[PDB]
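One-based numbering, in listed order, for ligands and for the atoms of each. Residues: numbered from 1 along the sequence shown.
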Amino acid sequence: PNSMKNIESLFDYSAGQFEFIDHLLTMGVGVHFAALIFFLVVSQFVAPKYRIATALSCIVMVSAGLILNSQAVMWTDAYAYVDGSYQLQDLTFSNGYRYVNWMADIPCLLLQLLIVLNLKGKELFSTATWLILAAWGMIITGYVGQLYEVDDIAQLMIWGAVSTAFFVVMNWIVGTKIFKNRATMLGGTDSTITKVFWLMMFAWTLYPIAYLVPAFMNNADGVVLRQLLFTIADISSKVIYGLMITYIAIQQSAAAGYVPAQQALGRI
Ligand SMILES: *C/C=C(C)/C=C/C=C(C)/C=C/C1=C(C)CCCC1(C)C
Ligand SMILES: CCCCCCCC/C=C\CCCCCCCC(=O)O
Ligand SMILES: [Cl-]
């Protein structure tokens, strides 16, 4: 369906190129699932005010891990090694699934941030609402644009412009809330959380770069590079970010007197 519309369909891949992609996707699932166990064992040390943030991390890990596992399988299904190269056998591969996943992943990532920020009640709800709508606006317009990567580069770029507008607006909101709510962080995670904003800024920005590969590197190597950028971005935005949110959650929990949090931080 969407497979003819992505640049992966245009090329034949060397055994090294095809195998590198498969290995990236495979490693990615391994990292996400390993992280998943860790987020899972560690959540018993998070006080309940914050425990939902850690659960969100586990949710993202599986959600992202499943999409990667599936991409890896869709990749091996799509091509066969014939006459010295991997050649397209059928229309089973597309990047469209990543976008669909982001529809779920991003709200989860944002919500875990708001929780450690100590937002609650009406503010949490309203902030969450504006953020996810902005995010959905970004993702959907982006999804529409990627559909035109094979045949209409101007069109991919215009949808890209619209997508970026939502992105910038989303960043302004998360940035503003982090900066206005820092003084309330305990432990003192007021310092850590600003690092979390910079990481997001860096990691999230890699997705747009990946989106533009058809525009500047329209060849088989470009395909490899985009999967690589997705990989760096995925580990940075989901896993590394997740480890920080959890750290902040544990630290805030101990500072507020939750004992399992204190014993845990202490036993290390
Ligand atoms: C777990 C997944 C994450 C954190 C994905 C984040 C994705 C983006 C920030 C996507 C951004 C885009 C633009 C701002 C412009 C082009 C289209 C997108 C969707 C790639
Ligand atoms: C910060 C997150 C780190 C992400 C992990 C990514 C791991 C891969 C890194 C480097 C390997 C580069 C080697 C590429 C050899 C090219 C072979 C070919 O494509 O033909
Ligand atoms: Cl609590």
Side chains of [X] and [Y] in contact at under 4.5 Å (non-hydrogen atoms):
| X | Y | value |
| --- | --- | --- |
| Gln146 | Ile7 | no |
| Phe11 | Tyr13 | yes |
| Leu243 | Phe39 | yes |

Using a 4.0 Å heavy-atom threshold (strictly under), name the region of [X] that reaches ligand 1: side chain, backbone, both or neither.
| X | value |
| --- | --- |
| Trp102 | side chain |
| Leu109 | side chain |
| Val60 | neither |

Query - Which residue and heavy atom of the protein sit nearest atom 10 (C) of ligand 2, plus the separation - result: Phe20 CZ, 4.9 Å

Requested in this report: Using protein heavy atoms only, decide if any is under 4.0 Å from atom 17 (C) of ligand 2.
Outcome: no

Query - Stepwise ring pair (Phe, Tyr, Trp, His ring centres under 6.0 Å) test for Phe197 and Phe179 - result: CA-CA 9 Å; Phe197 162 78; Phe179 291 111; 5.5 Å; yes

Report task. Please work out which of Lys238, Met138, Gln146 has its closest non-hydrogen atom nearest to atom 11 (C) of ligand 1. Result -> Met138

Query raised in the report: Pairs in or reaching into residues 213-242: which pass salt bridge (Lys or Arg N to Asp or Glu O under 4.0 Å), with residues at least two apart or in two chains?
Result: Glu8-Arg226, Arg98-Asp234, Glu149-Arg226

Query raised in the report: Which atoms of ligand 2 sit under 4.0 Å from any heavy atom of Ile235?
Result: 2 (C)

Query - Sequence neighbours excluded - ring pair (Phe, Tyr, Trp, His ring centres under 6.0 Å) pairs with any residue from residues 117-145 - result: none

